[PDB]
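**Q** Got a structure here, written out as structure tokens. Questions coming.
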Amino acid sequence: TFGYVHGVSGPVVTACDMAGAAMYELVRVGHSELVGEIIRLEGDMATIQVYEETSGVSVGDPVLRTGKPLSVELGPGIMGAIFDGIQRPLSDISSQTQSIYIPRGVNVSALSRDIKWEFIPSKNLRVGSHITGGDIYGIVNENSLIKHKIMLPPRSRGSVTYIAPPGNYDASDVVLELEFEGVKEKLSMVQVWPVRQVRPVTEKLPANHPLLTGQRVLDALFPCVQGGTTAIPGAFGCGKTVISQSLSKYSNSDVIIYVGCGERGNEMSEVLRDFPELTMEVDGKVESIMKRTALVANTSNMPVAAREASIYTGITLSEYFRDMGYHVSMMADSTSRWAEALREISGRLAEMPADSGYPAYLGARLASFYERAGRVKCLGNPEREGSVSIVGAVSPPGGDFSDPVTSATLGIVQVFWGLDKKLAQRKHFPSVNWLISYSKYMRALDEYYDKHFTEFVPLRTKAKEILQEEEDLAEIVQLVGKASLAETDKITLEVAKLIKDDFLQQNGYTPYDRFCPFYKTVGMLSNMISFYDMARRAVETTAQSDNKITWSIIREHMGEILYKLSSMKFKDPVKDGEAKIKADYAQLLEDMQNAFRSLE
Amino acid sequence: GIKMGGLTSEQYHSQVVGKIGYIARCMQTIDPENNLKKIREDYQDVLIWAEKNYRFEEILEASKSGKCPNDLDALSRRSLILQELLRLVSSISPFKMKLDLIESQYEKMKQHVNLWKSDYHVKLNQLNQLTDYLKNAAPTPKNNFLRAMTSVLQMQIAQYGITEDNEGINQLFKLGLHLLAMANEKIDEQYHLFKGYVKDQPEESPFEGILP
Amino acid sequence: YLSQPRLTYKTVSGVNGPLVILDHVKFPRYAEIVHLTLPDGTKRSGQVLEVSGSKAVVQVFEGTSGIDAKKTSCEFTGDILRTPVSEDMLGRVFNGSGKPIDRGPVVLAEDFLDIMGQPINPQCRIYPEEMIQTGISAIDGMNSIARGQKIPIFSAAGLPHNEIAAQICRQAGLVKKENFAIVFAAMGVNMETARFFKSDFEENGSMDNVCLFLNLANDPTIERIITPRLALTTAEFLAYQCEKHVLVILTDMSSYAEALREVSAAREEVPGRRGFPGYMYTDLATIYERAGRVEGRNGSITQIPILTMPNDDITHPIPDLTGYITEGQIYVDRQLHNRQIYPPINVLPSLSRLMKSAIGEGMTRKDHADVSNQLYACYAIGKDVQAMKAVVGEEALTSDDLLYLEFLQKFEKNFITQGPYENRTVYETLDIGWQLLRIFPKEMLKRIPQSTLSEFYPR
Amino acid sequence: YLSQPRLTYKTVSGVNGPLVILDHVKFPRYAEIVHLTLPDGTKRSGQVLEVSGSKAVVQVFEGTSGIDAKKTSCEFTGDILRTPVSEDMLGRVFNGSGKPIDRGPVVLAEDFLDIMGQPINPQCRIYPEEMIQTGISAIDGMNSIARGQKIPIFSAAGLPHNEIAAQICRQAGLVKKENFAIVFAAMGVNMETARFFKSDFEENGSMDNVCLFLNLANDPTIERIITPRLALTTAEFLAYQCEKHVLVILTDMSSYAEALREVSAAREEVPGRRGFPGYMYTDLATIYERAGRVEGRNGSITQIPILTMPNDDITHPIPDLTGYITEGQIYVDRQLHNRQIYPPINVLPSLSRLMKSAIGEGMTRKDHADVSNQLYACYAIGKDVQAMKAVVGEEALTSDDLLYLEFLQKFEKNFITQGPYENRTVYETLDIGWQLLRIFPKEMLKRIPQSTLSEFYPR
Amino acid sequence: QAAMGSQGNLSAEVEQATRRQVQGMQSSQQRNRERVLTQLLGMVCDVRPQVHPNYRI
Amino acid sequence: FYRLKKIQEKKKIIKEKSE
Amino acid sequence: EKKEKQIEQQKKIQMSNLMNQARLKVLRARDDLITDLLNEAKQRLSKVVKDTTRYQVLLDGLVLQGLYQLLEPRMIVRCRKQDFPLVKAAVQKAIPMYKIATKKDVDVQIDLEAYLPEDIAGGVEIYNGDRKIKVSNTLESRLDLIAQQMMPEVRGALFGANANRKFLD
Amino acid sequence: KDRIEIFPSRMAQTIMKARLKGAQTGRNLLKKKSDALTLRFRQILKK
């Protein structure tokens, strides 16, 4: 299984006596076991792309051939760990060496083999039964949150010949044995899957269930759905932290994966430092987010193969849990950083460049990336379902949208949560641009909204109409000063402000506003829009002659109603239950209608 | 590359063999005494392949040749219904359900257009959330209240089922889940919440004969 | 037929990108298909794009990941990719490789046709002289569609070009006052887009006359440059051997161009613009020109090669080279979409190169050509007036300019705006044209002769 | 240690520009260091760039003139370039190769480190906290440097980027609300400037805490590439092994980038964007990212790369690729220089992303953040008012506008203008800020909370 | 409810026409199956060895 | 870039022929 | 009314779905008929192989045919052991002819260690010297090789010609 | 018309960037002139 190094021209190593090798196989070059891949082959010689520095590699050094191509190791212990872009545990490398550096040629198994995991068989299987790919034959108890379900690896099937009894097993033992056509396969708790291969599913389903984030903006106006794909701009002043924390802390997904592609060292530290300190209430207990999270960390000075592969390593980990029936939410910190890594590799391979210097296949790679997300029907007899969402960020050089990476991304993702810096400078958070942002899942979610809430859809339609009109009136206001202006337009302007202030704006550093349940979000909007309609009618039905209602009359007459509307965001769901908050909102609705009634 | 749905030729027929073996396992697991005659008949075409040693390969050939009911979508729906029935009786395992109610609940599921998205499915998911939590729970007022309330909930489901909507069971679901999500630090609220249940329950001794 | 046994080789010389190079091959044939098996049993196929002596270069469709050098087993079929075709392919769903994906059987061939096809003898090609009624005023009036014409929709990411194509599939008839077999090549698209069309075809009740070819974003990029040929090859069978009128729709042709560009880079071919092969035009003509009627046979092929314009750049090689080959374009834009106008079809940069013969006396109404030309003049001028007024202000305009702003405003909301299910006749479209033209006095309608104005304008 | 006798070869296959191609070399290593002896007794150094079997290809550091293919001998060391490091080398001046040029002894090593090193394991990276004051108000009270960030100085050619760099070396240190060192590397520096750095550092007593590397414009271009690696190799030893804080200043990275392009050409690599290697991105990250804080140790490394913008275009790959992977920018302007302002740093386009953590109570002073934000707004407004004055005149201005003009004039004269030998600590810089802010009445200082104003504003 | 009944019974008809079509197809091919086997088998049994047309010398 | 790539490939081809 | 039209649309989709599945069902049945024929052909070929007086003649052709396709100086003939006496004769009578048709001396050996699977109906496979080039001329390979090309004629022969096809281009 | 029609070059790129900066400065300076006139206009109209 060994060959020899024939020569080194830099990061490219030529091997000889390596006839039995496949393209995009893996090799460990030299006595330090440098990680690389075989790209070009000719005769019994192979051209190896080495990820790490090749200094010191000699002619005649050994090359160890590894049968599996670039793959992700999947099994118990994946949760709570931080990995390199090519699946190297950074928390073990720094702890098994006492070093601060990643050793050159470091060879630490992705999942430690010194942990005795608590494994319980399904208790439904027997020796002699039939099992197929995707079937679950036992569960490992990792922590209080996520059960780590052990599936039969895809592309395997047969008759069960041995089932391990319940007990403590490590990742190097044998848990299940199966025989197919006389061939016996011994399986442990860990499966290996090529990172560039898409894990099969029974069927790909439409995404209909909302992604229940905790923000009023980026939900009511711009919905995301479980299994959907969105993009978020990543600029210093955009306030992207709000989405990252809100999505990772309170989301209705089961597993969070955060993927770095190749960011600044200090930025990777900020993510690695923040995440372990995040908590959420679960069963009344406060649990660390890292018990249901996995993170892949890549800085700009990591091997380019890892920075390019990081994005696919993340989604492979995501699909692994998708196949368990979990809802997984993956964030790519910067897909622009990935695209940069990809261009570098194309350059190293002396490929002809295309648009703005990027590889000709940039679009094909992004399209196949996002296509892997979605709600699916899982493999295996348990007839379980799950999904993967992608909320990858884009950060093109210069902030322009002409860069092929951002342009291609926007043509692929169905939701764009366009953020702005001006809003952050104004201290308005979340920093959502509103006019640029869009969601193309509004139709897909109409069935859910109609079934469970009914009035939500006309409310979000009116809300966008009010906000857009507020923008449309901007030129009239600038040239007029609200003097030569219709009273109906004054309602639009002042109510639109009310919406911007006491609905779309949310203060995540307050205990009452940490998370806004949907029923509260629609409650708040319903009363504001109901006010809008009542104010429009109060003016319009009396605007003929003699005795008319104006905004000055409405504002002065029922100022307590405008105050009560602004106060609605303070209804803390932790102390005031669903019935109490709805009851108080119902009282405002009645008081509001009566306030206008007193004017007619 | 026949790529039937998300599966290739070999994977498609492998998943069919798996689902058939699974139904046979579920049927013997749910009804080891073969009492549920009407339900078994609905699966005879897949149970006829059970209790034979095909070493996977001979039943796999039967699927490729077309001797088995190898329609993947029909098996998916029919398998889901059976395992959802297993969840119904399994999640209330401390209590026995009447055979007539098991068949009644089965028929109501079989008639459903899309069982996965039904209120029946959701109610079972909430029940399993509450019964899985208690599997490894420390003694404490909250967990004693949830355990006592869960035993009543399981007792009632064993008698009424889930598809036959009942205000009593629905109210108990809400109270149990609301307690479960309640902060562990707060004692007075969970005490008042439990006491509310005990005094509002129509009977005088809600737990007498339910728990030890 | 080919009676001699095919040879199997384990003589792979080396692998370089997507190309597997074999040596020691007996009498290599150019553009023959090779089937290869990987050490793990995976089967893949490719085509010989070059032969030299005992060597041959095979481009593998599925890809070259996992291809070995010692254990790889290849066999040469001995012919070119000739594909099975039959009439009963309508109602079937295939992948981009020509295999069924609807759980039905493989194709029970009536014959085998060369995927490369043959050029139609221009002496027997018959000029199109029949109009298709699309029901869309923006098309039927100012850019008519002939039966056998090639008209792509130039669009941009996020615009409803899929809805327009779907609409055309249902309400496309004739103006002779008819069931088209539709072949839909879904390449480089996501599941939801392919499911959108498949569902719409069933909703329309026409699925028994629809043949689908799917090659999704997660499918190999090399198969994406045979899918159009598979669709068109089937269309040729139906149209020219079974005299069935066929409508062939190719989804974002830009995924074809990108798949082609990748192959061009891999083979180090001479680039033209934006990295695309210098022969991109010739390759596109091979795909596009498989259209039109043939004298003496009652079939036809009509194409709608919809394509996405990268960054809305109308001069990008993809729309540019297409514009040179096809008989014009429908072209949608964002300026109409951003105002909730559907269909968002912008007539100004559009044209139909067969319109001059498919309209007028004996075809639709004798004033058709005159109405269209004047509407183009009025629409373009209204746009010119906005370009001026944006700087000089409304007070700088005279009555001669305000008329074009009134026309432009009424034109877009009355003529272009319709809705996904608004099916207008060609005669209704012209009547609407006149209603807009009657905004101006006769003297300003300078593209229309008085021999037409005197009859139609007074009404 | 190896303790293996070295092999010296007299077998030379040929010589091609800077490269010498050897033959019959036993188990050669890539990046191996060798020494050449010419017929005249002259010795040269070189490094092996390619080893294809027994055909080792070595790039000679010095010129290859005088080398034959018959007598020149090549001694192999059996190892790669490893730099002797110690604490004692601080206070020494070295050339690009690591040799002393200050008439002192060769470094008596405490260890040998591979100058390429390894990336720092992100799991042990600590987010930047405290501040390292530079002594220059324009970059202490406006865009301070956090103890662990990497913030570049972008300048056009001809601006005094070297004079500021020298001033930072003389003045920089800890806030002091003995463990601070500076490592300074100049790449491609001309003789007149190299003297400036050496003499200015020695004369002002700063040398005790400076490790100076000078790579002159006429020095080997390959040595210019390792120079920044030797500087960081020392910085890593001093910072992480000797528990101290190291400021690393890499001057004229643009000259490095040009040397890198030369090495790429030597390898016959096809140039990438604007002639630069396709791997320029990772090469800059390899240098830049060897900095920051680490868990469990009290040392730190910061960087201030200094880059000349070709044609003063920030879009150029050199400042673009740098800024894309650094945290903010200082940005030296030309208008301020032509107006005879020193330092000529423009505060409006500059940014320090870590300033939010660098400053505040317990690190500098309570009011630091508030003074910076208000000064920035006041300068931005003053520039806006100045633009207005040029159009409407002085008589058209109101009192508030005049206050902003007074601030603008005194801000540049008192706060930004400093002189090369006046060291303004962070507390003096803030006090100067307040002197300018007290121009305005309290009600116009909208960005400073009333609590801050009541504490600091009066007196 | 009337529609569901009417729509449910339609498949029985689709199924009845399909069953007839399948039996008719089987009946038809039974008249040629033997002739086709003879023709196909003869083509297999007749080897016809040949040297590649481009073989030189 | 295209021309330079072909130049580098032609040089490699010439070198192989000389060996 | 609009929902009813959608309810009618739902009814038509169910009918559309039913007709599409019926079409696929009958198509699958048609493919089973083609498979039964091909499996019968395999059994008929086996019966022919059992007849020494025709199988030896078949082998004579099969061995020589493969030799012309490889045109190698060294041949290895692989067969199932049961048929070795006849393959031996097929080679002996094939070489005098090969040396005349190609004017090239070929060293043809039979592999006595490696054999074809016992479940192969009959025929031989021939390898070149280094076993990198092989020709497969067994009965199963020939049946599919021809049957896949003759299928258009079988389609008509069993089920009738397509009345809608007028031209053969 | 649509472009200034200067042949593509690095020199043209530099000129266009300088020309763009000039145009942007002129836009802002004239906008400030307009705003000053508008206030007085509104000042004088108020008077």
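The way I read the labels, and the way they are meant: chains A, B, ... in the order of the structure tokens, residue 1 as the first residue of every chain, and ligand 1 as the first ligand shown, with later ones counted on from there.
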Over all Cα atoms in order, fit chain D to chain C and jot down the RMSD to one decimal place.

**A**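 Fitting chain D to chain C over paired C-alpha atoms yields 2.6 Å.
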
**Q** Mind checking which residues fall within 12 Å of residue 56 (chain C), counting only C-alpha atoms, ignoring those fewer than 6 positions away in the same chain, and posting them as a PyMOL selection string?

**A** chain C and resi 9+11-15+19-34+46-50+74+76

**Q** Export, as a tab-separated table (two decimals), in the first residue's frame, the selected residues with N, CA and C atoms.

**A**
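Output (result.tsv):
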```
chain	number	residue	atom	x	y	z
C	9	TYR	N	-10.89	-3.15	-22.33
C	9	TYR	CA	-9.51	-2.75	-22.09
C	9	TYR	C	-9.28	-2.50	-20.60
C	11	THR	N	-6.21	-0.72	-20.06
C	11	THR	CA	-4.98	-0.13	-20.55
C	11	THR	C	-4.93	1.39	-20.34
C	12	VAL	N	-5.66	1.88	-19.34
C	12	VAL	CA	-5.74	3.32	-19.12
C	12	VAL	C	-4.33	3.86	-18.95
C	13	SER	N	-3.97	4.85	-19.77
C	13	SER	CA	-2.65	5.46	-19.69
C	13	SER	C	-2.55	6.44	-18.53
C	14	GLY	N	-3.55	7.29	-18.36
C	14	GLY	CA	-3.53	8.27	-17.29
C	14	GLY	C	-4.81	9.06	-17.23
C	15	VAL	N	-4.96	9.91	-16.21
C	15	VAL	CA	-6.19	10.68	-16.06
C	15	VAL	C	-5.80	12.13	-15.83
C	19	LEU	N	-10.79	13.93	-18.27
C	19	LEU	CA	-10.43	13.11	-19.47
C	19	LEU	C	-9.57	11.90	-19.07
C	20	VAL	N	-10.01	10.70	-19.46
C	20	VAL	CA	-9.30	9.45	-19.18
C	20	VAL	C	-8.65	9.01	-20.48
C	21	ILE	N	-7.34	8.84	-20.47
C	21	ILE	CA	-6.58	8.61	-21.69
C	21	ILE	C	-6.22	7.13	-21.72
C	22	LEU	N	-6.63	6.44	-22.77
C	22	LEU	CA	-6.31	5.02	-22.90
C	22	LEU	C	-5.23	4.85	-23.96
C	23	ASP	N	-4.43	3.80	-23.81
C	23	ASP	CA	-3.46	3.40	-24.82
C	23	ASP	C	-3.80	2.00	-25.28
C	24	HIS	N	-3.02	1.49	-26.22
C	24	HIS	CA	-3.15	0.13	-26.73
C	24	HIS	C	-4.56	-0.18	-27.19
C	25	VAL	N	-5.23	0.79	-27.83
C	25	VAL	CA	-6.58	0.56	-28.30
C	25	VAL	C	-6.55	0.21	-29.78
C	26	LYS	N	-7.32	-0.81	-30.16
C	26	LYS	CA	-7.32	-1.32	-31.53
C	26	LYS	C	-8.22	-0.42	-32.37
C	27	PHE	N	-7.65	0.14	-33.44
C	27	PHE	CA	-8.36	0.97	-34.40
C	27	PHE	C	-9.36	1.89	-33.71
C	28	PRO	N	-8.89	2.85	-32.91
C	28	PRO	CA	-9.81	3.77	-32.25
C	28	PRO	C	-10.69	4.51	-33.25
C	29	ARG	N	-11.95	4.68	-32.86
C	29	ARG	CA	-12.91	5.43	-33.65
C	29	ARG	C	-13.21	6.75	-32.96
C	30	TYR	N	-13.25	7.82	-33.74
C	30	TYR	CA	-13.56	9.13	-33.19
C	30	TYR	C	-15.04	9.26	-32.90
C	31	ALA	N	-15.36	9.81	-31.73
C	31	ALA	CA	-16.73	10.05	-31.30
C	31	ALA	C	-17.50	8.73	-31.15
C	32	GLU	N	-16.81	7.75	-30.58
C	32	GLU	CA	-17.44	6.50	-30.18
C	32	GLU	C	-17.58	6.50	-28.66
C	33	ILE	N	-18.54	5.73	-28.17
C	33	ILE	CA	-18.85	5.72	-26.75
C	33	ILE	C	-18.18	4.54	-26.06
C	34	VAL	N	-17.63	4.81	-24.89
C	34	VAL	CA	-16.92	3.83	-24.08
C	34	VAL	C	-17.64	3.71	-22.75
C	46	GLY	N	-18.35	7.44	-21.33
C	46	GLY	CA	-17.75	8.64	-21.89
C	46	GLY	C	-17.59	8.52	-23.39
C	47	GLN	N	-17.16	9.60	-24.02
C	47	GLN	CA	-17.03	9.66	-25.46
C	47	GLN	C	-15.59	9.98	-25.85
C	48	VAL	N	-15.11	9.34	-26.91
C	48	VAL	CA	-13.78	9.60	-27.44
C	48	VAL	C	-13.82	10.90	-28.24
C	49	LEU	N	-13.11	11.90	-27.74
C	49	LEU	CA	-13.06	13.26	-28.34
C	49	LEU	C	-11.76	13.40	-29.14
C	50	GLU	N	-10.88	12.40	-29.06
C	50	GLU	CA	-9.60	12.46	-29.82
C	50	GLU	C	-9.04	11.04	-29.93
C	74	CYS	N	-12.64	-0.77	-19.29
C	74	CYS	CA	-13.37	0.00	-20.29
C	74	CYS	C	-13.68	-0.88	-21.49
C	76	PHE	N	-15.44	-0.55	-25.59
C	76	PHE	CA	-15.79	0.36	-26.68
C	76	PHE	C	-17.01	-0.20	-27.41
```

**Q** Report as a PyMOL selection string: the residues of region 20-168 of chain G with a DSSP assignment of helix (DSSP H, G or I), based on the backbone of this structure.

**A** chain G and resi 20-49+52-70+81-101+139-159

**Q** Under the rule that only C-alpha atoms are counted, which of D:2, D:350, D:446, D:125 is the nearest residue to residue 102 (chain A)?

**A**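 Closest residue, counting only C-alpha atoms: D:125.
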
**Q** Need to verify the contact set: region 173-175 of chain B, 8 Å, only C-alpha atoms, exclusion of same-chain residues closer than 3 positions in sequence. Can you return it as a PyMOL selection string?

**A** chain B and resi 126-127+153+169-170+178-179+193+197

**Q** Could you give me, as CSV, a per-residue list for chain A showing, wherever an atom lies at most 12 Å from an atom of chain H, the closest pair of atoms and their distance in Å to one decimal, using only C-alpha atoms and sorting by chain then residue number from low to high?

**A**
```
residue,atom,partner,partner_atom,distance
A:478,CA,H:38,CA,11.3
A:479,CA,H:38,CA,9.8
A:480,CA,H:42,CA,10.5
A:481,CA,H:42,CA,11.2
```

**Q** Do a neighbour search on residue 45 (chain E) at 10 Å with only C-alpha atoms, toss out local chain neighbours closer than 5 positions, and write the hits as a ChimeraX atom specification.

**A** /E:40 /G:45,48,54-55,57-59,61-62,139,142-143

**Q** Kindly provide, as a list in words, the residues of chain F having any atom no farther than 12 Å from an atom of chain D, counting only C-alpha atoms.

**A**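 Matching residues, ligands excluded from the count: residues 1, 2, 3, 4, 5, 6, 7, 8, 9, 11 and 12 of chain F.
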
**Q** Give me the residues near residue 28 (chain E) as a list in words, where near means some atom within 10 Å (using only C-alpha atoms) and where sequence neighbours in that chain fewer than 6 positions away do not count.

**A**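 So, after excluding close chain neighbours, the residues are residues 22 of chain E; 157, 158, 159 and 160 of chain G.
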
**Q** To one decimal in Å, tell me the separation between CA of residue 583 (chain A) and CA of residue 523 (chain A).

**A**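 Separation of CA of residue 583 (chain A) and CA of residue 523 (chain A): 10.4 Å.
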
**Q** With chain G as the partner and 10 Å as the cut-off, tabulate the residues of chain C that qualify, each row holding the nearest pair of atoms and their distance in Å to one decimal, using only C-alpha atoms, sorted by chain and rising number, as JSON lines.

**A**
```
{"residue": "C:1", "atom": "CA", "partner": "G:149", "partner_atom": "CA", "distance": 6.8}
{"residue": "C:2", "atom": "CA", "partner": "G:146", "partner_atom": "CA", "distance": 7.8}
{"residue": "C:3", "atom": "CA", "partner": "G:146", "partner_atom": "CA", "distance": 6.8}
{"residue": "C:4", "atom": "CA", "partner": "G:65", "partner_atom": "CA", "distance": 7.8}
{"residue": "C:5", "atom": "CA", "partner": "G:137", "partner_atom": "CA", "distance": 6.1}
{"residue": "C:6", "atom": "CA", "partner": "G:135", "partner_atom": "CA", "distance": 6.5}
{"residue": "C:7", "atom": "CA", "partner": "G:135", "partner_atom": "CA", "distance": 4.8}
{"residue": "C:8", "atom": "CA", "partner": "G:134", "partner_atom": "CA", "distance": 5.3}
{"residue": "C:9", "atom": "CA", "partner": "G:133", "partner_atom": "CA", "distance": 4.7}
{"residue": "C:10", "atom": "CA", "partner": "G:132", "partner_atom": "CA", "distance": 4.7}
{"residue": "C:11", "atom": "CA", "partner": "G:132", "partner_atom": "CA", "distance": 6.0}
{"residue": "C:12", "atom": "CA", "partner": "G:132", "partner_atom": "CA", "distance": 9.5}
{"residue": "C:24", "atom": "CA", "partner": "G:133", "partner_atom": "CA", "distance": 8.4}
{"residue": "C:25", "atom": "CA", "partner": "G:133", "partner_atom": "CA", "distance": 8.5}
{"residue": "C:26", "atom": "CA", "partner": "G:70", "partner_atom": "CA", "distance": 7.6}
{"residue": "C:70", "atom": "CA", "partner": "G:132", "partner_atom": "CA", "distance": 9.3}
{"residue": "C:71", "atom": "CA", "partner": "G:132", "partner_atom": "CA", "distance": 9.7}
{"residue": "C:73", "atom": "CA", "partner": "G:132", "partner_atom": "CA", "distance": 8.9}
{"residue": "C:74", "atom": "CA", "partner": "G:133", "partner_atom": "CA", "distance": 9.6}
{"residue": "C:75", "atom": "CA", "partner": "G:134", "partner_atom": "CA", "distance": 9.4}
{"residue": "C:77", "atom": "CA", "partner": "G:145", "partner_atom": "CA", "distance": 9.7}
{"residue": "C:84", "atom": "CA", "partner": "G:152", "partner_atom": "CA", "distance": 9.0}
{"residue": "C:85", "atom": "CA", "partner": "G:152", "partner_atom": "CA", "distance": 9.7}
{"residue": "C:86", "atom": "CA", "partner": "G:162", "partner_atom": "CA", "distance": 9.3}
{"residue": "C:87", "atom": "CA", "partner": "G:162", "partner_atom": "CA", "distance": 8.3}
{"residue": "C:88", "atom": "CA", "partner": "G:27", "partner_atom": "CA", "distance": 9.3}
{"residue": "C:91", "atom": "CA", "partner": "G:20", "partner_atom": "CA", "distance": 7.2}
{"residue": "C:92", "atom": "CA", "partner": "G:24", "partner_atom": "CA", "distance": 8.3}
{"residue": "C:102", "atom": "CA", "partner": "G:24", "partner_atom": "CA", "distance": 8.4}
{"residue": "C:103", "atom": "CA", "partner": "G:24", "partner_atom": "CA", "distance": 7.9}
{"residue": "C:104", "atom": "CA", "partner": "G:24", "partner_atom": "CA", "distance": 5.5}
{"residue": "C:105", "atom": "CA", "partner": "G:28", "partner_atom": "CA", "distance": 5.7}
{"residue": "C:106", "atom": "CA", "partner": "G:31", "partner_atom": "CA", "distance": 8.1}
{"residue": "C:107", "atom": "CA", "partner": "G:31", "partner_atom": "CA", "distance": 9.2}
{"residue": "C:108", "atom": "CA", "partner": "G:155", "partner_atom": "CA", "distance": 7.1}
{"residue": "C:109", "atom": "CA", "partner": "G:152", "partner_atom": "CA", "distance": 5.4}
{"residue": "C:110", "atom": "CA", "partner": "G:152", "partner_atom": "CA", "distance": 4.8}
{"residue": "C:111", "atom": "CA", "partner": "G:152", "partner_atom": "CA", "distance": 5.8}
{"residue": "C:112", "atom": "CA", "partner": "G:152", "partner_atom": "CA", "distance": 8.5}
{"residue": "C:113", "atom": "CA", "partner": "G:169", "partner_atom": "CA", "distance": 9.0}
{"residue": "C:199", "atom": "CA", "partner": "G:13", "partner_atom": "CA", "distance": 9.3}
{"residue": "C:201", "atom": "CA", "partner": "G:16", "partner_atom": "CA", "distance": 9.9}
{"residue": "C:202", "atom": "CA", "partner": "G:13", "partner_atom": "CA", "distance": 6.4}
{"residue": "C:203", "atom": "CA", "partner": "G:13", "partner_atom": "CA", "distance": 6.0}
{"residue": "C:204", "atom": "CA", "partner": "G:13", "partner_atom": "CA", "distance": 8.7}
{"residue": "C:205", "atom": "CA", "partner": "G:16", "partner_atom": "CA", "distance": 6.3}
{"residue": "C:206", "atom": "CA", "partner": "G:16", "partner_atom": "CA", "distance": 8.4}
{"residue": "C:207", "atom": "CA", "partner": "G:16", "partner_atom": "CA", "distance": 7.6}
{"residue": "C:208", "atom": "CA", "partner": "G:20", "partner_atom": "CA", "distance": 7.1}
{"residue": "C:236", "atom": "CA", "partner": "G:169", "partner_atom": "CA", "distance": 9.8}
{"residue": "C:237", "atom": "CA", "partner": "G:169", "partner_atom": "CA", "distance": 8.5}
{"residue": "C:238", "atom": "CA", "partner": "G:165", "partner_atom": "CA", "distance": 8.8}
{"residue": "C:240", "atom": "CA", "partner": "G:167", "partner_atom": "CA", "distance": 7.7}
{"residue": "C:241", "atom": "CA", "partner": "G:167", "partner_atom": "CA", "distance": 5.0}
{"residue": "C:242", "atom": "CA", "partner": "G:165", "partner_atom": "CA", "distance": 4.7}
{"residue": "C:243", "atom": "CA", "partner": "G:165", "partner_atom": "CA", "distance": 7.9}
{"residue": "C:244", "atom": "CA", "partner": "G:164", "partner_atom": "CA", "distance": 9.1}
{"residue": "C:297", "atom": "CA", "partner": "G:167", "partner_atom": "CA", "distance": 9.3}
```
